[PDB]
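Enquirer: take a look and give me a structure for this.
(one chain, ligands or ions: 1)
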Amino acid sequence: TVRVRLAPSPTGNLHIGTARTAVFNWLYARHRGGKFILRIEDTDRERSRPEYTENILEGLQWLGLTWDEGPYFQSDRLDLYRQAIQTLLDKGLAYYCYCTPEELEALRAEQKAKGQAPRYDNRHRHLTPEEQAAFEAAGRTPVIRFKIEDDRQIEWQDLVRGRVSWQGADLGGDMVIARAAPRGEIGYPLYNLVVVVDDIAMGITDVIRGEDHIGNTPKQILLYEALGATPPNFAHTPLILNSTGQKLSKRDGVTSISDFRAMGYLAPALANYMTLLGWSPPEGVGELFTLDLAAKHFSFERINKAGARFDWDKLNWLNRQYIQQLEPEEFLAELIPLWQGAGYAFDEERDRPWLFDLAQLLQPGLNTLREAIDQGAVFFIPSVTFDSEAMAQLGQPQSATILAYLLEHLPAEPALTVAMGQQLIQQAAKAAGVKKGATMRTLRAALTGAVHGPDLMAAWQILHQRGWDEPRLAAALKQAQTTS
Ligand SMILES: N[C@@H](CCC(=O)O)C(=O)O
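Expert: Numbering: from 1, shown residues only. The protein structure is shown below:
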């Protein structure tokens, strides 16, 4: 049974990168009929707080990225890391390093000057009780380093990358596995230690990771061996790239799942999208798929082996498709607080029939749910200001005649049929001596303040239910007349 896991640190909100990894995990586990484990790497850090854990779970659930196990919290497991490290010290596979950061910096500078590989020189591997005690009496307290063999050939068959090969000397020397603490105490366990201890304990069969952390892989492989475990398979995916081709920056633009959600993007659209960022679907599947369908066909072979540029136009293309999948009643419900938030005056209960009609109208051409604000303005703001084209349209010689006909022949009854509407345009045109196009264009100007926009008959139907076509036609007629 395949076992995979998401291991986010709640140091910030759920970002697209992490969620993308979660998608690949959920997709791979589901494909292989395995388990998806969620592990929260909650650290003593200033950054780690319960509001980011909250945001992580919320976003995963919302994206439909259901875990089968957890969340298992790192902070409950502290002693397991302590045990693992103590086992390493006892075995002499780890040791106390008393080398200060100022000492490391001088080493590193002396390395650059000499054209030597940048690394810790393993200077404290074999310290004498006397040497340790000298450091301690000067008030030093040691970190704990895990021994890495310089000449060790580390290799793995990566599920995305292929054979990946590292020398032991390429890992930067004996790595710190625990932060400073006095001898007899063990400090805060570092990432590479924690992840192997937990991956071994959680029985993880396959680790899915961003390629930006590929260098931890040979380090972790050595920890598994030292702890007597066989490492799992690794799959290193390329990161999501910019709109142009550099790193997607957390400090530049929108990356968090909660922000995309806030913007009017739907969960299934986000899911479908993140998948498309790196995974190209097989012939016959297409670009519009659920997670359940993506699971039937998911494989690491088909992962685009370089960065997927993030494209707003494609996210929008998908979101439009999901918005259209929304039931008219659910869809309207999504819109109401949006319109409410804009300060638009209406009553959910009283104004329902045309509100619904407005939803029906606006649905087919929204890229985000937020687009219903500006696209609804003409139906919620009473007065219309005429644009440069509307003003020139009403300035046409027969505009007054058209409008006055329309105004005089509007039905009192609340529902305007498409039949009654076409009758009116046809008859207003006949009165003015003009073609239907110019008539509609004059009606458009009157009702919207523009010469182009949403389906006119439907816009008029909506505005008629409000009783708003009547004062608008009157305002346009008065406008036509001021030119005359
Ligand atoms: N947070 C990193 C490393 C955690 C891990 O999967 O071990 C990533 O997923 O790219």
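Enquirer: how far away is the residue of the chain found nearest the ligand from residue 175?
Expert: Closest approach between the chain and the ligand, counting by CB to the nearest ligand atom: residue 210, at 3.9 Å. Bear in mind the C-beta positions are built from the backbone N, C-alpha and C, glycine included. From residue 210 across to residue 175, the span is 20 Å (CB to CB, to the nearest Å).
Enquirer: nearest spatial neighbour of the residue of the chain closest to the ligand, skipping sequence neighbours?
Expert: Of all residues not flanking residue 210 in the chain, residue 239 sits nearest, at 5.4 Å (CB to CB, 6 or more residues apart in numbering).
Enquirer: for residue 107, same thing?
Expert: residue 121 (6.2 Å).
Enquirer: hang on, the one you found in a strand?
Expert: No: if the criterion is DSSP: H, G, I helix; E, B strand; the rest coil, then residue 121 is coil and not within a strand.
Enquirer: spit out the contact partners of the residue of the chain closest to the ligand.
Expert: 17, 21, 236, 237, 238, 239 (CB atoms under 8 Å, 6 or more residues apart in numbering).
Enquirer: by neighbour count, which of the residues you listed wins?
Expert: Within those, residue 237 tops the neighbour count with 26 neighbours, counted by other CB atoms under 10 Å.
Enquirer: centre of the chain to stretch 258-274, how far?
Expert: 6 Å (CA atoms, centre = their mean, to the nearest Å).
Enquirer: what is the end-to-end distance of that stretch?
Expert: Its first and final residues considered, stretch 258-274 spans 14 Å by CA to CA, to the nearest Å.
Enquirer: ok, that stretch near the ligand or not?
Expert: No: against the ligand, stretch 258-274 shows no contacts by CB under 6 Å from any ligand atom, the least distance being 13.9 Å.
Enquirer: now tell me what touches that stretch from outside.
Expert: Under the contact criterion CB under 8 Å, 6+ apart, stretch 258-274 has outside partners 13-14, 16, 19-20, 23, 55, 58-59, 62-65, 254, 257, 287-291, 294, 314-315, 318-319, 321-323, 325-326, 338, 366, 368-371.
Enquirer: ok, which residues in this protein are in contact with the ligand?
Expert: Within the chain, the residues that sit near the ligand (CB under 6 Å from any ligand atom) are 7, 21, 195, 207, 209, 210, 213.
Enquirer: picking up where we left off before, next up, phi/psi of the residue nearest to residue 107, please.
Expert: phi -90, psi 10 (degrees, to the nearest 10).
Enquirer: let me know the closest of the residues of the chain next to the ligand to residue 484.
Expert: Ranked by distance to residue 484 (CB to CB), the residues of the chain next to the ligand are led by residue 21 at 67.0 Å.
Enquirer: check which residues of the host helix or strand of that closest one are buried.
Expert: Element membership of residue 21 [criterion: DSSP states H and E] is helix 16-31. Neighbour counts over helix 16-31 (16 or more other CB atoms under 10 Å) mark 16-30 as buried.
Enquirer: stretch 357-373 now?
Expert: So, applying 16+ other CB under 10 Å, buried residues of stretch 357-373: 357-363, 366-373.
Enquirer: what residues are up against the residue nearest to residue 210?
Expert: Residue 239 neighbours (CB under 8 Å, 6+ apart): 17, 210, 211, 212, 247, 248, 307.
Enquirer: do the same with residue 174
Expert: 95, 97, 120, 122, 125, 145, 146, 147, 148 are the contacts of residue 174 under CB under 8 Å, 6+ apart.
Enquirer: run a quick neighbour tally on the closest residue to it other than its chain neighbours.
Expert: Nearest residue to residue 174, sequence neighbours excluded (CB to CB, 6+ apart): residue 145, at 4.0 Å. Using other CB under 10 Å, residue 145 has 22 other residues around it.
Enquirer: surely residue 145 touches residue 98?
Expert: No: with contacts counted by CB atoms under 8 Å, residue 145 stays clear of residue 98, the gap being 10.4 Å.
Enquirer: where exactly do the strands run in this structure?
Expert: 3-6, 35-40, 69-73, 94-97, 143-146, 153-158, 162-167, 175-178, 206-210, 233-237, 240-241, 308-309 (DSSP state E).
Enquirer: what does the second one contact?
Expert: What it means is strand 35-40. Strand 35-40 is touched from outside by 1-10, 25-26, 29-30, 53, 56-57, 60, 65-74, 198, 202, 204, with contacts defined as CB under 8 Å, 6+ apart.
Enquirer: tell me the buried residues within the residues of the chain next to the ligand.
Expert: Applying 16+ other CB under 10 Å to the residues of the chain next to the ligand flags 7, 21, 195, 207, 209 as buried.
Enquirer: of those, which pair is most distant in space?
Expert: Counting by CB to CB, the most remote pair of those is 21 and 195, 13.8 Å apart.
Enquirer: which residue is the nearest non-sequential neighbour of residue 142?
Expert: residue 96 (3.7 Å).
Enquirer: my bad, should have said residue 288
Expert: Using CB to CB, 6+ apart, the nearest residue to residue 288 is residue 321, at 5.7 Å.
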